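# Notes for the structure review
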Amino acid sequence: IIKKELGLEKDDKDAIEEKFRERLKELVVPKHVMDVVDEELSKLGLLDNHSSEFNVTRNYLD
Amino acid sequence: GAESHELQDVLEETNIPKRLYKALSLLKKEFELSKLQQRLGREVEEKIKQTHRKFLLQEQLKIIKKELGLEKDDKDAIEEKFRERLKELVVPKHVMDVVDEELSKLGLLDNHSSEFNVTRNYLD
Amino acid sequence: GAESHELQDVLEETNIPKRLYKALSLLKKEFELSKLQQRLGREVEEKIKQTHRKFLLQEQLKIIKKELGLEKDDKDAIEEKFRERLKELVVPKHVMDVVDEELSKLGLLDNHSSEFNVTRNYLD
Amino acid sequence: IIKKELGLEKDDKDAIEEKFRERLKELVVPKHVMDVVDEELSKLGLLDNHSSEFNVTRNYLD
Amino acid sequence: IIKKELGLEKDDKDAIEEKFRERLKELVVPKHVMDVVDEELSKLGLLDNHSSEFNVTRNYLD
Amino acid sequence: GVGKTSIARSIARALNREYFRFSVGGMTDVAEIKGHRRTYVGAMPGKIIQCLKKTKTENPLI
Amino acid sequence: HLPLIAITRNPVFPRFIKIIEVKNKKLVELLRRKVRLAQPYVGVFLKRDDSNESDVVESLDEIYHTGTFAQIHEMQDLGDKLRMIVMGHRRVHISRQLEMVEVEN
Ligand SMILES: Nc1ncnc2c1ncn2[C@@H]1O[C@H](COP(=O)(O)OP(=O)(O)O)[C@@H](O)[C@H]1O
């Protein structure tokens, strides 16, 4: 019941997450780099779009 | 609700059908006016109700959090990351308190400044 | 809204009274579930309405006295306070128009605003 | 009527205004901080108990 | 229908815009700064005096 | 003027791999190889990473 | 004796119209094959816990023996290629779905 509260297509966020994920699907990704990407994406999800930390994170992730 | 000018124009119409059709025109004008008035008032009231429901559901979203999303602050996340990273380490107490001081400054500095970036790099 | 396994059980029930009673029990269970879902938001609404009721009581005790229970906040009096604090000075004109603009902003700006606080300090 | 209505909703925050005020009573204290604390407490009452900025203001008062 | 009851029209008057306009009316202005000030006045109108950006914009206008 | 660069291009095309040149003459900054720290906003990675990005393969002709 | 219909979280209550839609195109061949029949019909069944399409294509034990035989109503194909229409006309409970022999119990 908690989760089902204002779905709105889950607010249509974190599309850059899946964009980069698809970007990595074709590549054979070493384990260390992949875990780093997972951590960085986890940080991305928690960060607001405006913060310069978020911008640097996204630039590095790309 | 026709003004004095429209009523004078109608009174200047001697032909009964013509004045009747002009009165129909005035009636239709007032019809559209009142219809738009009521539609706009209803639009306003539904939008205010939607605002109140948006507040309700923003509280319900805060419930959704359960320590998710905004509750991390994007900096205490760095706190937790560093602490877990050095947890497995048998870390010296001196550098432990230095890391504590660095984290305290991290909390004492904004997320959108150069000195904060330098602090983050040094703690990295 | 009974689960698939509940329908499986009802189908495996081969006695008419058994299946009917089991269906009724499922009905009451799922009604309880859905009504709880509604009740959570309804109670959020109740909380907001109670809080705004208490805020309205506070508003009643604030406006009824009309400052006959408290005293004038003097925030508007800041205008005249500063002006008399300046009235006696033979002064150029550009500074007067700047002062008037700052005073107008003060009138517009809310009391609690940080913009308002900086405006107050600058005018001091 | 004024007095009783004030008493009904006396406190701006639960046992905050009274405690801080009496705490100040035993302090021979300059006029400036009296006016400042009066302004802060007025805006405190204008604010809600749980507002985060209200909590920061209360921290400042403490 | 726009002009029915606007108590807010009195405050944040458009008078400053006309003041600047007349101020520059007696001068042979470049079209460049003319369009620039049109854009700036439009932005200021969509902005509120309470905004600090409003004040910075007004200083640039000056 | 012996075609060293030209023969480099010829090898790149004949092997079917990609090509990318680089000037280091009179250069004194290590950053271009090791990039920047990723911390200074506007920091850039090493030129080699950029070449990998452009060729999009790890068997280029650098 | 047609392959079991993939319910895919589309319960079909007896005597209650329902619409089943499946992403995989395999059911397209099955639907097109039965059109030639003068009286097209389709069985309806219920899945068990631990839903899995892979198990459906591997084993038939996943689908409950209980089901609801009925008639295919009409083809729509508005935006998708599969808008199966299932109704509850005749309840059935297969004695042994391994082996199609079915008794309208
Ligand atoms: N043997 C050769 N075959 C083809 N082209 C040549 C030859 N020798 C020189 N050149 C030409 O001379 C040009 C000199 O290019 P340059 O970049 O100066 O080469 P290098 O780096 O060896 O000096 C090349 O564009 C190349 O086409």
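For this coordinate set, the PDB header names cryo-EM as the determination method and states a resolution of 3.89 Å.

The PDB entry lists chain G under the name Lon protease homolog, mitochondrial, from Homo sapiens.

Looking at the PDB entry, one finds chain B named Lon protease homolog, mitochondrial and attributed to Homo sapiens.

This brings us to the overall build of chain G. The helix and strand tally for chain G stands at two helices and six strands. A compact globule built from 105 residues would reach a C-alpha radius of gyration of about 13 Å, and chain G, at 13 Å, matches this within 12%. For the C-alpha atoms alone, the extent of chain G along its principal axes is close to 35 × 30 × 25 Å. Taking all 105 residues of chain G together, the buried fraction comes to 32%. Positive and negative side-chain charges of chain G, numbering 17 and 15 respectively, have mean locations separated by a distance of 5 Å.

A few words on the environment of G:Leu60. Residue and element names in this part refer to chain G. Following the sequence through the fold, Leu60 ends up in the loop between α2 (53-58) and β4 (63-71). A sequence separation of 37 residues divides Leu60 from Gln97, and the C-alpha atoms of the two residues are 7.5 Å apart. Setting aside residues up to four positions removed in sequence, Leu60 forms contacts with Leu4 and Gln97.

The top pair by number of contacts, from a total of nine pairs of chains in contact, is chains A and B. In this assembly chain A lies apart from chain G, the nearest approach of their C-alpha atoms being 18 Å. There is no contact between chain F and chain G; across them, the least C-alpha separation is 35 Å.

The volume enclosed by the largest cavity comes to roughly 110 Å³. What lines the largest cavity is simply G:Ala6, G:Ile7, G:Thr8, G:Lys47, G:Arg48, G:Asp50, G:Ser51, G:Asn52, G:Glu53, G:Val56, G:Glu62 and G:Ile63.

Glancing now at the interface of chain B and chain A. Chain B puts 13 residues into the contact, and the matching count from chain A is 14 residues. Around 1,300 Å² of area is buried between chain B and chain A when both sides are counted, 62% of it from carbon and sulfur atoms. Among the residues chain B hides against chain A, the three largest losses belong to B:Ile64, B:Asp74 and B:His112. Together they make up 35% of the total. Taken together, chain B and chain A are joined by one salt bridge. In this structure, A:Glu53 and B:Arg120 form a salt bridge, with 3.0 Å as the shortest nitrogen-oxygen distance. Our enumeration of links across chain B and chain A arrives at two residue pairs in polar contact.

Residue and element names in this part refer to chain F. Around the ligand, the structure places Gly1, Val2, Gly3, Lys4, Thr5 and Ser6. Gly3 has a polar backbone atom sitting 2.7 Å from an oxygen atom of the ligand. One of the backbone N or O atoms of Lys4 is found 2.4 Å from an oxygen atom in the ligand. Surface burial for the ligand is 41%, taken as the share of its 570 Å² of free accessible area covered by protein chains.

A cluster of nonpolar side chains, B:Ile16, B:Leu20, B:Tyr21, B:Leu24, B:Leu27 and B:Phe31, forms an exposed patch at the surface whose accessible area comes to about 690 Å². Tracing the backbone shows B:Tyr21 in helix α2 (residues 16-65).

Turning next to the pairing of β4(G). Residues and elements named next belong to chain G. Burial of β4 is extensive: seven of the nine residues sit out of reach of the surface. Both strand β2 (residues 41-42) and β4 contribute to a ladder of two bridges, which runs antiparallel. Residue pairing in the sheet places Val42 in a bridge with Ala70 of β4. Looking at chain direction, strand β3 (residues 45-47) and β4 are connected through two bridges and run antiparallel. When the bridges of β4 are listed, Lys47 appears paired with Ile63. By the bridge criterion, four bridges tie β4 to strand β6 (residues 90-93) in an arrangement that is antiparallel. Bridging across to β6, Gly67 finds its partner in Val92.

To continue, consider the interface of chain E and chain C. Between chain E and chain C, the residue contacts involve five residues of the former and six residues of the latter. For the pairing of chain E and chain C, the buried interface totals around 560 Å² over both sides, and the portion due to carbon and sulfur atoms is 60%. Three residues stand out in chain E for area buried against chain C, namely E:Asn49, E:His50 and E:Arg58, and they jointly supply 73% of the buried area on that side. Across the salt bridge formed by C:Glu101 and E:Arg58, the nearest N and O atoms sit 2.7 Å from each other.

Here the focus is the side chain of A:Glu5. Mapped onto the elements of the fold, A:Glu5 is located in the segment before α1 (15-25). Although A:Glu5 is buried, it forms no salt bridge, and the closest oppositely charged side chain is A:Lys3 at an N-O distance of 7.4 Å. Excluding residues within four positions of it along the chain, A:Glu5 makes contact with B:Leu57, B:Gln60, B:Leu61, B:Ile64 and C:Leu40.

Residues and elements named next belong to chain A. Applying the stated criterion across every chain yields a total of 31 salt bridges over all chains. Measuring nitrogen to oxygen at the nearest pair gives 3.3 Å for the salt bridge that ties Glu39 to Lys43. Highlighted residues: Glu39 and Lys43, both in helix α2 (residues 31-46), separated by four residues, approximately one helical turn. Owing to a relative accessible area of 12%, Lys43 belongs among the buried residues under this scheme. Connected through salt bridges with shared partners, the residues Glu17, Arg21 and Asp38 form a single ionic network.

Conventions we followed
- Residues numbered from 1 in each chain as written, not as in the entry; some residues may be left out.
- Chains lettered and ligands numbered in written order.
- Part of a larger assembly, values for the part shown.
- Heavy atoms only, no water.
- Helix = DSSP H or I, 4+ residues; strand = E, 2+ residues; numbered from the N terminus.
- Rg over C-alpha atoms; globule rule 2.2 N^0.38 Å.
- Buried < 20%, exposed > 50% of the residue type's maximum accessible area, 1.4 Å probe, protein only.
- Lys, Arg positive; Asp, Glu negative; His and termini not counted.
- Charge placed at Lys NZ, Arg CZ, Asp CG, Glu CD.
- Contact = heavy atoms within 4.5 Å.
- 1 Å grid on protein atoms, 1.4 Å probe; cavity = no way out; pocket = protein on both sides within 12 Å on 5 of 7 lines; lining within 4 Å.
- Points joined across faces, edges and corners; volume = space filled by probe spheres on them.
- Buried area = accessible area lost by both parts, 1.4 Å probe.
- Salt bridge = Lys/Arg side-chain N within 4 Å of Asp/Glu carboxyl O.
- Polar contact = N/O pair within 3.5 Å; in protein donor to acceptor, adjacent residues only side chain to side chain.
- Near = heavy atom within 4 Å.
- Areas by Shrake-Rupley, 256 points an atom, 1.4 Å probe, with all protein chains shown as cover.
- Patch = residues over 30% accessible without salt bridge, like charges linked within 9 Å, V, L, I, M, F, W, Y side chains within 5 Å.
- Pairing = 2+ DSSP bridges.

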